[PDB]
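**Student:** make a model of this:
(5 chains)
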Amino acid sequence: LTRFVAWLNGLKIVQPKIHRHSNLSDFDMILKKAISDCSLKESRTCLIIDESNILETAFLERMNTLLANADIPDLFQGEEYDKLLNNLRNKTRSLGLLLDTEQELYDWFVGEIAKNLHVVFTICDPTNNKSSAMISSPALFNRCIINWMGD
Amino acid sequence: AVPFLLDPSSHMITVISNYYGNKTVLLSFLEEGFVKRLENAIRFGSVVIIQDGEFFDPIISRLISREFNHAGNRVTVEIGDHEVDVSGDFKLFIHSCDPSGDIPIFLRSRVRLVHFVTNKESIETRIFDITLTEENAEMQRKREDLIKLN
Amino acid sequence: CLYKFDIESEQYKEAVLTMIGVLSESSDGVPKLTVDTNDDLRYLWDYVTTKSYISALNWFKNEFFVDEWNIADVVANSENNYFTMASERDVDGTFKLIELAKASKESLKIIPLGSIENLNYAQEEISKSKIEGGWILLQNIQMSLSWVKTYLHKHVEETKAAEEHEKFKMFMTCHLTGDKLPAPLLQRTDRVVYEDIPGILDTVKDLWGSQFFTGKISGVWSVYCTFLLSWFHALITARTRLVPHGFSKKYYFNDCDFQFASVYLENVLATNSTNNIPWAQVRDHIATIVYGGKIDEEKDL
Amino acid sequence: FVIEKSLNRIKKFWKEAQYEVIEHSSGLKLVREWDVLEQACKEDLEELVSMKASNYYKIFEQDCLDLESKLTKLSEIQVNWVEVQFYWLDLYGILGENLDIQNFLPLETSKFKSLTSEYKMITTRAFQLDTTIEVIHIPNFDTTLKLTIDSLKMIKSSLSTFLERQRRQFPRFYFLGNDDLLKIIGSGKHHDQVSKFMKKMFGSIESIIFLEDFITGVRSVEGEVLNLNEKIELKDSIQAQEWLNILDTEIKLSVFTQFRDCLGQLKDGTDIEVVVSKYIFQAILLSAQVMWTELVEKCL
Amino acid sequence: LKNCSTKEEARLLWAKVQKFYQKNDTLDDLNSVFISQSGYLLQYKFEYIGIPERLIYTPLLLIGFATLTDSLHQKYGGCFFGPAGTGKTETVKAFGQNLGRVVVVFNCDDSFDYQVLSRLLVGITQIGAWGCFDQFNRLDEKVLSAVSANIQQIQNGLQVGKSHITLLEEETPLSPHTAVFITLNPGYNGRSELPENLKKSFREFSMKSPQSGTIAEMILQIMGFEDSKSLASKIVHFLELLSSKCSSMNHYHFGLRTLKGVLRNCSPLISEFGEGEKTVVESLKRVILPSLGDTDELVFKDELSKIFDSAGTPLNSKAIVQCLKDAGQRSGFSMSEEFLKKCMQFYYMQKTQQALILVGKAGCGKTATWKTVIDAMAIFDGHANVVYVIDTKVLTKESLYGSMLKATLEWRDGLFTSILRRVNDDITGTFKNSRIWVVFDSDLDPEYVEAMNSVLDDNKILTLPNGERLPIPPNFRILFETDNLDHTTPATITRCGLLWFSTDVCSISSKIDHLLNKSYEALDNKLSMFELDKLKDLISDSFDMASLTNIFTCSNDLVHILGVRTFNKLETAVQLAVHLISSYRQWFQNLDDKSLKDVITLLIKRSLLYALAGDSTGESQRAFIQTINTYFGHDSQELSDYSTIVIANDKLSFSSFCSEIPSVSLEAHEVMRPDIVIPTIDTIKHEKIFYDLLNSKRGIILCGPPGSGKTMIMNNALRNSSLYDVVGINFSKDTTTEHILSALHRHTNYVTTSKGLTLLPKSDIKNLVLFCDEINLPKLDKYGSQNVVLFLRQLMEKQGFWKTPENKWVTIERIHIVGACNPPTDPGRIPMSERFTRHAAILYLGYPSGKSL
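**Tutor:** Residues are numbered from 1 along each chain as shown, chains lettered A, B, ... in the order given. Below is the structure in question.
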């Protein structure tokens, strides 16, 4: 149903392709690609997370930083920060605006993420601790709308 | 749907091997080349039996849940990032040893579970069998051949 | 209980239950006194009230009225070439095994599992004796557990032709309080527990009987000293089995402690005069190095 | 069917096979990251094998059989070449550097260099082909590497037997190990670099004092100085094992000498304050113990 | 032997003692000397031993030697099992020393390979030396099995006497002079045992902690005996009587470890007085007293004078106290009796102890205590001091002690070792004469102190995980500041000196005056000196303390959310009031004492309210307002719920009117905006107090349920002003410090300015403010201490932090800590340590009446 409604609103459905041999680096790469497509390519993506997709707690910390803040400072830092800034100025001039300071570009990037990235969670049983952590987090709970389809 | 077999002793894995002969290809979710061997076995209709069902990687999800992208003559399925073709002659079984180990809820939901375990009620059944064998052997004898000859 | 609760009435059930609570510290309830309705239960309560516990516990064994099978009876009835008889470190069923072999089908072979030498010799004699058909024993197998999980685990499993081989029987000695053995290998073989406890006088005589096989290496006084040591070791080994009263914990004194004691005795006999006064130190040493070396509690020391 | 779609990508991948090459200190150039290419080779071989259970490949096979016959020999050379790489890189840090270690072992290095030249030839010729698969067309590559790893194993076996028999001659070397034993065999011409390892292979002494010609004695990790009766002479016609064993005996001899001197001194009624200033602690300790036990034996 | 009753007793006692005989009858000199014990003989080999510290001769040591020789006469291996600290390995070493052998020890499982062990075993079988396995029980099943097999091969070849034996699948010869020994530490179940194969090749010997009397008498005989027997008896009786009367405390340790420590402390004190009982008394009063509580200090004094009374007046009584006074008058603290007592205890312990521990309630002045004592030691001797304060649990064990990388095996310094080479490796400046002090502020746990147990030992040498042992000089002292000792080991306590802060150091007014003077100095950079003099005179006239006493007493009769004890709140009061006074000090001032005083008193009352009851329900704040109005002067201006001072902008006016609200109007498209807020009667109030607390530069904690306006109020109070720029971080169940660091690099820019060797300011010029939402959610270590909170504490108290990768200090510039959280009673919330909330102001924000909504 999430996929159906996202296809109705014209959203690019993004389901993480994870497995047992999946590293936090691959999760970071998928989040990076989704964010860069929603900002630098204006894709308007819908990210569907499931309870079996959170292998470790660091994944949940990444998601918290993605919801509470509209960006993930850990993904883009150092050299990747500079590359992202360059491509960001590229796209910003493409859209017909020049931003003066270094913070204005990142503010526009943050707004674009906030307005193009839609996250939908698909947890199964809240009685499970790994699933209870999904609701216990303040970021996910307060920034998401809760829907119940238990039985 | 896919079947899941739970026998402590893996007698059943050899039974399946015997039914399928050389087409039988044995894998396990733990081994290294698994990720790739499966991608090969699915492309050429090899009956696969995954040895350790306790551990399970969701990249096989799109295969367990019947999700496929249709074309003119080929039917593909996404595994990891590679879209591999489905044969049709392909079969898939999952096998586990210990009921102690818990499989993810998604798998247990999408898969048909079967217990090939010998419990304490099997005693209650087989002692009846033996008791009727050694008490009234003639009727126990004709029991089997009744259904057989039916 | 499983049998009588279902068969007999519920009065019987509650009566034997309150009696078993009496034998435990659960409660001391009033029993049901029905004359000639149940005289076996009245007999049990007569056992319980006179404060004699061992007979009361044996009452449940005498209420199944079965001829309890001896180790020999089970070996005779059992048709398997693999036996494991565990036993507490107090005793070892080795000599029982000797007497069970000599009485019928003598072919007795003992194998210590010590050095790599011993293990190679053992794995040779195993594959040779299963073909020849003689009784083989593997002493205190636990000490080479790492070798069992690699060799014996394969060997016994593969040897479904040992049942095909000649009439032969392999034994293995374990220790209940010790390293764990693999459950499958333990289930394949037959299992026993050697619980034959010798008396104090019997242990004294069994220790004194093996000492005159040495011939005559020491003087005449050394004989008296060896007698004293035999009695002492028998007494300590008897006190070892009472672990609440007597000794605080359960300690184990092997024949090696006896050996060290006797060696110290021969040494002090050679070095000191034939006067009987050195006794003073004989105690000290023996009470703090030979035997007392293992004790860590002041009470038992 | 899909057989063609797979064979196309396989050939595409293998006509793009590149090896990361970087040259170390001396002329040879090492190859980096073996596991990627080797694992890809094995994966494609297993895929080609699994292609045999299909039904739409009988006539489409011969090509795949030629591909299999090529890749099997590719992996054949893969294993031996990587083994040669590893064993040569290991023996290099042992023989390719020191002059003294090759002076002690002239034969094994005479063979090592003869192998290294041919290995340079092979490696450069294989890298300049610009296709990792085409290497299997280079003549005498599998046999070259087979006998090269055989020679490396033989060199390493000679080395290991030499080292273990050297240890067996002077057993203290068992305490040190390979690297420090090699350093000792190498600095034998200097004789003064050895002191640093006696602290390990003796535990008691720290260093050894020299006259450059003789050995006046040693000094311990504590600070006490022990002087030997017979200072052992050092010449170039001397092995480490040799003078080390002679010293191992002479130290116990000197301990006994100082012990007997101290005991004979104190037995003649000399104060301990005089003996402390000249005798080591161990000699005077044992002497005091002996005289004490004797005097108390008579006092009893 | 003299005191023996009969000759039989003498010969009995003599057969036990080792007897070093000599054979004047035969040749083979190296085989001439032998030793007799209990009837058995052992040949003396002439391996050089040096001068290693000899164990003190006790009867238990002789019994251990007897068991070893009884085992060796039959060619049986030696083995003891016993608790850690009995020195069983030391017993093996000493037994090998007496017989002239250098026993090689095998520290097993300490990253110990099996190939090296096999090499050592072949070498020791060939040489004929003695091998000892230290704590043989710690091994992996594989390694333990293989080593047991080989050890049994050896002992079997010995018992039988075979010339060559086969072990490791290797036919090697055997020297009959070889011997094996095994020390077994108790595990979790109890006393471990040998594998079943060795139990028939070794002789297990039990070990008990020797009775303290004998070892005490022997050690006293060593140090200088005067009255060894009587002194040992009195010390043992005194320690037993202390354990008898003193209260049952967790950190109290009067066992044999404590008395060995007392004797090791007596050793350097003998150089000061002499080998008398007075030295024993002084050692006891240096070690035991600082560790005891007020209730037990008098017990100690009483029992001491009861068993033995020695002196009345101590040495170094006049100079040290005056130096401490001169250091404190400059630091800003007062010289009470408790502060003076604990400073003197610390000074009398730093002499002997190289490792010190300071335990007490959060913010007990411990910090001030040791800082002042070090500052005064700088004056007494003239030796400078080099201090490194490291928050223990902030960094991991890899960044602190040292991290070796997996692949390249690159051994990297870390922090603790990177500051130890500045004293050992390169002493280019003045380090041989200075005093190096390394303080540990955060909670200490066993996992961290075990890596440096070799430094707390008598070794005084830091063992690297691989490669080196770095010696520490006597100038290098280690201190441990914390609040609890629930996790540490009594062994770790008995290796260091312990200082127990029973209660708070001084009273309230002294700290208040200290804070006032510090605030005066903080304002002295701005405004003029004459103004400062006028302000100090006015403040001296203003309050005395008699009014504040009852207010502070009544503050305890209130409900405080996110509880902080009254003492630690003082720093939050003074500073805010001082700032307010300065802001009203110039440009808009009056000259009427009645009115001028009214303004000062009203500002002070506002600051007092928000400091004491700022964390209360708000419904209780309105009652504390009247309490303040009560215990203050009756003619001074009272305080109202929404009191406010009004003054004209360009002209000089004076009045006080309250509750003035502007009108806001927004169209339809402005309904939902991340930066939209409707000012209410409590919006501008909360914003004003928040802005004044931020102007005070102090840390801020906003406690309350979600959506109560914490986020909203904090955001819209600073998005309006240009002085501060906000960066928002949202904590979760497990947030690292690196998460904060990464969220900061975007808005921060490192600079290397000479004022602070490495500075980490904001990328622009104006102030930066970090908002850490849900600050009490991050989880703690398995010992119960959260590292991110300790990192924020280091940021707020130390104003800096240690680089996690590069290993050096960085001072932060113009960065303030603000953080929101929920009450700790809610599920999922973690209680925070007071040591962090001490430096912060707590403001409670609830839901507005259900009517303002």
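**Student:** can you show me the helices along the stretch 201-300 of chain D?
**Tutor:** D:240-267, D:272-275, D:281-299 (DSSP state H, counting those that start in this stretch).
**Student:** tilt between the first one and helix D:281-299?
**Tutor:** Right, the one you point to is helix D:240-267. 40 degrees (axes from the mean of the first three to the mean of the last three Cα atoms, to 10 degrees).
**Student:** helix D:240-267 and chain E in contact?
**Tutor:** Yes: legend: contact between helix D:240-267 and chain E by Cβ under 8 Å from any Cβ of the partner chain is shown at D:251, D:252, D:253, D:255, D:256, D:259, D:260, D:263. Bear in mind the C-beta positions are built from the backbone N, C-alpha and C, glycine included.
**Student:** stretch D:226-237 now?
**Tutor:** Yes: residues of stretch D:226-237 contacting chain E under Cβ under 8 Å from any Cβ: residue D:226.
**Student:** compute the first-to-last residue distance for that stretch.
**Tutor:** End-to-end span of stretch D:226-237 (Cα to Cα, to the nearest Å): 26 Å.
**Student:** what about residue C:293, which SS state?
**Tutor:** Under the three-state scheme (DSSP: H, G, I helix; E, B strand; the rest coil), residue C:293 adopts coil.
**Student:** give me the spatial nearest neighbour of it, chain neighbours excluded.
**Tutor:** What sits nearest to residue C:293 in space, not counting adjacent residues and going by Cβ to Cβ, 6 or more residues apart in numbering or on different chains, is residue E:205, at 4.6 Å.
**Student:** what is the burial count for that neighbour?
**Tutor:** 26 (other Cβ atoms under 10 Å in any protein chain shown).
**Student:** does it fall in a helix, a strand, or a coil region?
**Tutor:** Residue E:205 - assigned by three-state DSSP - is strand.
**Student:** what residues are up against it?
**Tutor:** C:289, C:293, C:294, E:64, E:67, E:68, E:78, E:79, E:80, E:81 (Cβ atoms under 8 Å, 6 or more residues apart in numbering or on different chains).
**Student:** so what's the third one up against?
**Tutor:** Meaning residue C:294. Residue C:294 neighbours (Cβ under 8 Å, 6+ apart): C:251, C:252, C:253, E:204, E:205, E:206.
**Student:** which one among the residues you listed gets closest to residue B:142?
**Tutor:** Nearest to residue B:142 among the contacts of residue C:294 is residue C:252, at 62.0 Å by Cβ to Cβ.
**Student:** tell me the residues of chain A that contact chain E?
**Tutor:** So far as Cβ under 8 Å from any Cβ goes, chain A lies against chain E at A:57-58, A:60-61, A:64-65, A:68-69, A:73-74, A:77, A:81, A:102-103, A:106, A:133, A:136-139, A:142.
**Student:** quick check: the residue of chain B found nearest chain E vs chain A, distance?
**Tutor:** Nearest residue of chain B to chain E, counting by Cβ to the nearest Cβ: residue B:32, 20.1 Å away. Residue B:32 sits 10 Å away from chain A, going by Cβ to the nearest Cβ, to the nearest Å.
**Student:** helix/strand/coil for that residue?
**Tutor:** Assignment for residue B:32 (three-state DSSP): coil.
**Student:** on that earlier part again, among the helices of the stretch 201-300 of chain D, which comes closest to chain B?
**Tutor:** Nearest of these (Cβ to the nearest Cβ): helix D:240-267, 47.0 Å.
**Student:** quick check, residue E:618 in contact with residue E:843.
**Tutor:** No: applying Cβ atoms under 8 Å, one finds residue E:618 not in contact with residue E:843, separated by 9.9 Å.
**Student:** of the two, which one has the most company?
**Tutor:** residue E:843 (25 against 15).
**Student:** that one against residue E:701, yeah?
**Tutor:** Yes: when contacts are counted by Cβ under 8 Å, residue E:843 is listed as touching residue E:701 (7.3 Å).
**Student:** look up phi and psi at the residue positioned nearest the centre of chain C.
**Tutor:** Residue closest to the average C-alpha location in chain C (Cα atoms, centre = their mean): residue C:91, at 3.6 Å. Main-chain torsions, residue C:91, degrees, to the nearest 10: phi -130, psi 180.
**Student:** who touches it in this structure?
**Tutor:** C:194, C:196, C:197, C:198.
**Student:** one more: residue E:288?
**Tutor:** E:242, E:254, E:258, E:262, E:300.
**Student:** out of those residues, list just those in helices.
**Tutor:** E:242, E:258, E:262, E:300 (DSSP state H).
**Student:** looking at these, which is nearest residue B:109?
**Tutor:** residue E:258 (62.9 Å).
**Student:** ok, which stretches of chain A are helices?
**Tutor:** Under DSSP H, chain A gives helices at A:2-8, A:24-39, A:57-67, A:79-94, A:102-116, A:129-136, A:138-143.
**Student:** from the contact counts, what lies against the shortest one?
**Tutor:** Think helix A:138-143. Where contact means 3 or more Cβ pairs under 8 Å, 6 or more residues apart in numbering or on different chains; DSSP states H and E, helix A:138-143 is packed against helix A:57-67.
**Student:** contact partners of the helix it packs on?
**Tutor:** Contacts of helix A:57-67 (Cβ under 8 Å, 6+ apart): A:24, A:27-28, A:31, A:49, A:53-54, A:71-74, A:117, A:119, A:133-134, A:137, A:139-140, A:143-144, E:730, E:732-735, E:739.
**Student:** try it again with 7 Å
**Tutor:** By Cβ atoms under 7 Å, 6 or more residues apart in numbering or on different chains, the surrounding residues in contact with helix A:57-67 are A:24, A:27, A:31, A:49, A:54, A:72, A:119, A:133, A:137, A:139-140, A:143, E:730, E:732-735.
**Student:** one more: stretch A:107-117?
**Tutor:** So stretch A:107-117 is contacted by A:34-35, A:38-39, A:42-45, A:47, A:70-71, A:88, A:92, A:99 (Cβ under 7 Å, 6+ apart).
**Student:** just the buried residues of those.
**Tutor:** A:34, A:35, A:38, A:39, A:43, A:44, A:45, A:47, A:70, A:71, A:88, A:92 (16 or more other Cβ atoms under 10 Å in any protein chain shown).
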